[PDB]
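Notes follow the structure.
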Protein chains: 2
Amino acid sequence: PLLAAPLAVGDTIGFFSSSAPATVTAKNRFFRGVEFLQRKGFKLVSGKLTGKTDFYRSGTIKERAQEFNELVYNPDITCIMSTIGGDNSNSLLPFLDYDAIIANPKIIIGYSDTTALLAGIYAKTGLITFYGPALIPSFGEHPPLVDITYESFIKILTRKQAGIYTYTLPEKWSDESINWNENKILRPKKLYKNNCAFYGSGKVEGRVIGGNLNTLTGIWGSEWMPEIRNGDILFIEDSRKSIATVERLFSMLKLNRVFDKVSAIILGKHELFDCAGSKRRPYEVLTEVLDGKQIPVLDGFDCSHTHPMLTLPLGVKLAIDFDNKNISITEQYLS
Amino acid sequence: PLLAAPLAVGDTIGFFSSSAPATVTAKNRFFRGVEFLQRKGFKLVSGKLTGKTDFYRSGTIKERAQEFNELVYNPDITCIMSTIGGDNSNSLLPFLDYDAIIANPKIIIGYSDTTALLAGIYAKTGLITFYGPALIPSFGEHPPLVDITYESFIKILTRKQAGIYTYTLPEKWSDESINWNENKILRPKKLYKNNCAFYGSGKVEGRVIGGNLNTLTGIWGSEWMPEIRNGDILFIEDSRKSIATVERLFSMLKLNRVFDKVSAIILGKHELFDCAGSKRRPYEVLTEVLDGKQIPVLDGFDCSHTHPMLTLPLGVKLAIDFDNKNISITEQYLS
Ligand SMILES: Nc1ncnc2c1ncn2[C@@H]1O[C@H](COS(=O)(=O)NC(=O)[C@@H](N)CC(=O)O)[C@@H](O)[C@H]1O
Ligand SMILES: Nc1ncnc2c1ncn2[C@@H]1O[C@H](COS(=O)(=O)NC(=O)[C@@H](N)CC(=O)O)[C@@H](O)[C@H]1O
C-alpha cells in the first residue's frame with residue numbers, strides 16, 4: 001500500500017470543508033477545535049472555503065475539489081483533516097487530484113460523509129487513509145472526552161511502526177446531543193459505561209475496509225468504491241438513523257454478497273439510534289439479515305460519531321481477538 | 001420481455017405490505033382506498049400481514065417475502081399492488097419465488113420503497129412491472145386528485161396494446177402533507193398548475209429504467225439492480241429530500257457513469273423538496289453535476305409521490321418529444 005509520513009507534534013495540519021459549512025454554522029465549536037490543536041503545538045492552515053457558505057454546503061462541487069487539492073499541493077502540510085461531514089463529499093471525486101496524492105502522500109483524516117473521500121482516494125491511489133477526528137465535531141468537543149479522542153489521534157499517527165498496536169477501550173462514552181455550539185456549558189454530557197461486545201471466538205485477521213455505511217451508498221458500484229475482497233474485515237458505522245434505515249443498509253450489503261466475503265464485522269457505536277420502540281439494537285437487525293451466517297462481530301467499537309473517537313487506518317490488516325476481547329493493527333500504515 | 005395479462009374491470013387485486021405497516025398506522029386511509037377500488041368493481045385479496053405490526057415494519061423479512069409469494073401463488077389474482085412503501089422491501093429480494101413469478105406473470109405495481117421489488121423482479125425475470133399507485137397513499141387520497149390517478153391506472157392497464165400511448169398531462173397537482181388519515185379533509189389542498197418542463201429538442205426513444213432513486217441505493221451494485229445501458233431513458237423520482245441528499249444521489253449516478261449512457265432523463269415531481277433556502281430546484285443541481293454533459297431532461301413528470309400519479313411500465317421503450325412536449329409508451333407492456 002501507499003503510505004504517508006507519520007505525524008509529529010509541531011507539524012502543519014490543513015483543514016477543508018467538503019460538505020457542510022460548519023466553520024460558519026458552528027463557529028464557536030470550530031474556534032474551540034482550532035485553539036485545541038494549536039495549544040498542542042500544531043500549525044493550522046485554513047482551506048480556502050473556511051468562513052464561506054453556499055446554503056447547505058461550503059461551495060460548488062469544483063470549488064470544494066479545489067480546496068482539497070490545494071492542501072495536497074502545499075508542501076508544508078503533513079495532515080489533511082476534514083472540518084465536518086454532511087452529505088456531499090462524493091460530488092468531489094471526479095475532480096480530486098489523485099496523481100498529486102500519489103506524488104506526495106499525506107495523512108488524510110475524517111469520518112462520516114468524508115468516507116466518500118477516504119474510500120475514493122484509497123480506491124484510486126492505494127493510500128492508507130484514516131477514519132478519525134474531524135476538526136469541528138471531534139476537537140471542538142469539551143473535556144474530558146476530547147482528551148481521549150486526542151490521545152488516540154496522537155498515538156496512532158506518531159507511534160513508531162514496530163510491532164502490532166493494540167487499542168485501549170475508552171472507559172466511558174457519550175452520544176448526548178448537548179454542548180454543541182454553545183460558548184459555555186451548563187453541565188457535562190451523560191457518561192455511559194463502555195458496552196462494547198465481542199460476538200464470536202478465536203482470532204480473525206484481515207484488511208479493514210469501510211466507514212460510514214450510509215455514505216458508502218453515494219459511491220457504491222463506481223470505480224471509487226474499493227472492492228471488498230475475501231478475508232476483509234468490514235468496518236461500518238452510522239449515526240442518528242432509524243432502525244428502518246439500518247435494516248435497509250444491512251440488506252444492501254447482503255444483496256451485494258458482502259457477507260459471503262468478510263471474515264468479521266466491526267460495528268461502530270451508533271449515535272442516538274432510533275429503534276422505533278422495538279428496543280432492538282443494530283446487532284439484532286444484522287443477525288436477522290445474516291440469515292444464519294456465522295460472522296463474528298465486534299459490536300460497539302469507539303470509532304464513530306460517539307465521543308470519544310479512536311483513530312483507525314483503513315486498508316490495512318487488523319487482528320480482532322474475540323477470545324481475549326481486543327483489536328490490533330498488524331500491518332504498517334505509515335512510512 | 002416477459003408480459004403479464006392485462007387488467008380488466010371486475011378483476012381481483014391482491015395487496016401486500018413489504019415495509020411500513022400502514023394498514024394499521026393509516027387505517028382510515030386504507031379503508032377509503034379499499035372502498036374506492038371495490039366501488040370500481042374490483043375484488044380485493046388482503047395479504048397475510050394486513051392488520052399486523054412489527055413496530056417499523058409489517059413483519060420479519062421472511063414473513064414479508066411469504067406474504068408477497070402467496071399472492072403470486074394465487075391464480076385468481078391479476079394484479080399485485082403495494083399497500084405503501086417505507087424503507088425495507090429490499091430485504092425481501094433473496095426470498096422471492098422468481099420461478100413462480102415467471103410461471104405466473106402478474107401486474108406488479110407500486111412506487112417509492114417498492115422500487116426495490118419492481119426493479120429486482122425485472123432484473124431476475126424480465127417481467128415488465130409498473131411504477132404506479134399503492135393502495136393507501138394513492139387510492140386513499142381524497143377527491144378530486146384520486147380520480148385522475150385512477151383514470152391513468154385503468155387506462156394504462158386495460159387499454160388495447162395497439163399503437164403508441166401518449167400520456168395526458170394532469171391539469172393540476174399537489175404535494176401538500178395534509179388530509180392524510182381522517183374521514184374528512186381539513187381543507188382543500190393547494191392545486192398547482194402543471195409546471196412540467198421539457199429541456200431539450202427533438203425526439204428521444206429508449207427503454208425506461210429506474211424508479212425511486214433513494215430506494216435504488218438499497219439494491220445498487222447487486223444482481224437485483226437492472227443494468228443501465230447505452231440509449232436508456234433514466235426515470236428517477238424522490239420525495240421529501242433535502243437538496244443535500246439530492247446532490248448526493250445525482251453524484252452517485254454520475255460516479256456510476258450513468259450520464260455517459262442515458263439518452264434522456266425523466267425527473268418525477270419531487271414531493272416537498274427542501275431547498276435549504278437556496279431557491280434551487282433539483283434540475284439546477286442535476287445541471288451542476290452533469291458538468292457540461294448535454295442530456296435532455298423531462299423535468300416534473302407526474303409519476304412520483306405527488307398527486308395525481310400516472311402509471312408507468314418500467315423496462316419498455318418510451319418516446320419523449322421535447323419539441324411537442326409529450327411522452328409516449330412505444331413498446332407492448334402487457335399481453
Ligand atoms: N446542531 C447540532 N447539535 C448537536 N450535534 C450536532 C449538531 N450539528 C452537528 N452535530 C454533530 O456533529 C457530528 C458530525 O456530523 S456529520 O455532518 O459529520 N455527519 C455526517 O456527515 C453523517 N451523519 C452523514 C451520513 O449519515 O451519511 C454528528 O455526530 C452530529 O451529532
Ligand atoms: N403521516 C403522513 N402524513 C402525510 N403524508 C404521509 C404520511 N405518511 C405517509 N405519507 C405519504 O405517503 C406517501 C408514500 O410514502 S412511502 O412510505 O411509500 N415513501 C417511501 O417509501 C419513500 N419516500 C422512501 C424513500 O425515499 O426511499 C408519501 O408521499 C408520504 O408523503
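Chain identifiers are assigned as A, B, and so on, following the order in which chains appear in the C-alpha cells; residues are numbered from 1 within each chain, and ligands are numbered from 1 in order of appearance.
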
>> For ligand 1, return the neighbouring residues as a PyMOL selection string (distance at most 10 Å; only C-alpha atoms and all ligand atoms).
In response: (chain A and resi 19-22+25-26+82-89+110-116+133-134+136-138+141+175-182+212-218+237-241+270-272+304-307) or (chain B and resi 245+248)

>> Taking only C-alpha atoms into account and nothing else, which residues of chain A lie no more than 7 Å away from chain B? Please answer as number ranges by chain.
In response: A: 55-56, 87-88, 90-91, 217-222, 244-245, 247-249, 251-252, 255-256, 276-278

> Which polymer residues have any atom within 10 Å of an atom of residue 264 of chain A, counting only C-alpha atoms, with same-chain residues fewer than 4 positions away left out, as a PyMOL selection string?
Replying inline: chain A and resi 199-200+203-206+208+231-235+259+294-298+319-320

Write a file of the selected residues as a PDB file, in the first residue's frame, keeping N, CA and C atoms.
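As a result, part.pdb now contains:
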```pdb
ATOM      1  N   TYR A 199     -18.719 -10.649  19.776  1.00  0.00           N
ATOM      2  CA  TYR A 199     -19.530 -11.814  19.445  1.00  0.00           C
ATOM      3  C   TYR A 199     -18.762 -12.760  18.536  1.00  0.00           C
ATOM      4  N   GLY A 200     -18.268 -13.846  19.113  1.00  0.00           N
ATOM      5  CA  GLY A 200     -17.531 -14.848  18.357  1.00  0.00           C
ATOM      6  C   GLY A 200     -16.399 -15.442  19.165  1.00  0.00           C
ATOM      7  N   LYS A 203      -9.362 -15.872  16.738  1.00  0.00           N
ATOM      8  CA  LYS A 203      -8.769 -14.646  16.231  1.00  0.00           C
ATOM      9  C   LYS A 203      -9.043 -14.524  14.740  1.00  0.00           C
ATOM     10  N   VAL A 204      -9.399 -13.318  14.312  1.00  0.00           N
ATOM     11  CA  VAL A 204      -9.634 -13.031  12.904  1.00  0.00           C
ATOM     12  C   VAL A 204      -8.706 -11.901  12.470  1.00  0.00           C
ATOM     13  N   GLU A 205      -7.944 -12.141  11.407  1.00  0.00           N
ATOM     14  CA  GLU A 205      -7.047 -11.135  10.856  1.00  0.00           C
ATOM     15  C   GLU A 205      -7.333 -10.905   9.377  1.00  0.00           C
ATOM     16  N   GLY A 206      -7.545  -9.644   9.009  1.00  0.00           N
ATOM     17  CA  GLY A 206      -7.813  -9.279   7.622  1.00  0.00           C
ATOM     18  C   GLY A 206      -7.773  -7.783   7.392  1.00  0.00           C
ATOM     19  N   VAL A 208      -8.932  -4.222   6.819  1.00  0.00           N
ATOM     20  CA  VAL A 208     -10.135  -3.482   7.189  1.00  0.00           C
ATOM     21  C   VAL A 208     -10.566  -2.533   6.069  1.00  0.00           C
ATOM     22  N   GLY A 231     -11.880 -12.313   2.896  1.00  0.00           N
ATOM     23  CA  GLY A 231     -10.997 -12.163   4.051  1.00  0.00           C
ATOM     24  C   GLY A 231     -11.016 -10.804   4.726  1.00  0.00           C
ATOM     25  N   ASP A 232     -11.615  -9.812   4.067  1.00  0.00           N
ATOM     26  CA  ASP A 232     -11.702  -8.459   4.620  1.00  0.00           C
ATOM     27  C   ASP A 232     -12.480  -8.421   5.928  1.00  0.00           C
ATOM     28  N   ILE A 233     -12.083  -7.507   6.805  1.00  0.00           N
ATOM     29  CA  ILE A 233     -12.891  -7.154   7.960  1.00  0.00           C
ATOM     30  C   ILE A 233     -13.684  -5.915   7.569  1.00  0.00           C
ATOM     31  N   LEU A 234     -15.008  -6.025   7.604  1.00  0.00           N
ATOM     32  CA  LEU A 234     -15.865  -4.896   7.274  1.00  0.00           C
ATOM     33  C   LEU A 234     -16.072  -3.995   8.486  1.00  0.00           C
ATOM     34  N   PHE A 235     -15.655  -2.741   8.356  1.00  0.00           N
ATOM     35  CA  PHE A 235     -15.913  -1.735   9.378  1.00  0.00           C
ATOM     36  C   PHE A 235     -17.019  -0.807   8.900  1.00  0.00           C
ATOM     37  N   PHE A 259     -21.466 -10.288   2.763  1.00  0.00           N
ATOM     38  CA  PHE A 259     -21.382 -11.177   3.918  1.00  0.00           C
ATOM     39  C   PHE A 259     -20.860 -12.574   3.576  1.00  0.00           C
ATOM     40  N   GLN A 294     -22.539 -17.304  10.136  1.00  0.00           N
ATOM     41  CA  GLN A 294     -21.765 -17.185  11.373  1.00  0.00           C
ATOM     42  C   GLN A 294     -20.564 -16.255  11.216  1.00  0.00           C
ATOM     43  N   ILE A 295     -20.835 -14.956  11.175  1.00  0.00           N
ATOM     44  CA  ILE A 295     -19.776 -13.960  11.091  1.00  0.00           C
ATOM     45  C   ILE A 295     -19.552 -13.335  12.468  1.00  0.00           C
ATOM     46  N   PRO A 296     -18.309 -13.407  12.982  1.00  0.00           N
ATOM     47  CA  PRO A 296     -18.028 -12.767  14.264  1.00  0.00           C
ATOM     48  C   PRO A 296     -18.134 -11.246  14.162  1.00  0.00           C
ATOM     49  N   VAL A 297     -18.691 -10.629  15.199  1.00  0.00           N
ATOM     50  CA  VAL A 297     -18.961  -9.195  15.185  1.00  0.00           C
ATOM     51  C   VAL A 297     -18.390  -8.516  16.426  1.00  0.00           C
ATOM     52  N   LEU A 298     -17.607  -7.466  16.198  1.00  0.00           N
ATOM     53  CA  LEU A 298     -17.212  -6.556  17.257  1.00  0.00           C
ATOM     54  C   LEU A 298     -18.263  -5.451  17.266  1.00  0.00           C
ATOM     55  N   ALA A 319      -6.211  -7.330  13.501  1.00  0.00           N
ATOM     56  CA  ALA A 319      -6.497  -8.603  14.142  1.00  0.00           C
ATOM     57  C   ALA A 319      -7.473  -8.366  15.282  1.00  0.00           C
ATOM     58  N   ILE A 320      -8.620  -9.034  15.221  1.00  0.00           N
ATOM     59  CA  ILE A 320      -9.572  -8.999  16.325  1.00  0.00           C
ATOM     60  C   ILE A 320      -9.487 -10.327  17.059  1.00  0.00           C
TER      61      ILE A 320
END
```

>> Going by DSSP on the backbone, which residues of segment 53-253 of chain A come out as helix (DSSP H, G or I)? List them as a PyMOL selection string.
In response: chain A and resi 61-73+89-95+98-103+112-125+135-139+145-158+213-216+243-253

>> Give me, as a PyMOL selection string, all polymer residues having an atom no more than 10 Å from residue 198 of chain A, counting only C-alpha atoms and skipping those fewer than 5 positions away in the same chain.
In response: chain A and resi 266+296-301+320-327

>> When you count only C-alpha atoms, which of these residues is closest to residue 1 of chain A: A:293, A:262, A:207, A:43?
In response: A:207

>> Please compute the atom CA of residue 126 of chain A-atom CA of residue 261 of chain A distance, one decimal, in Å.
In response: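 Separating atom CA of residue 126 of chain A from atom CA of residue 261 of chain A is a distance of 20.2 Å.
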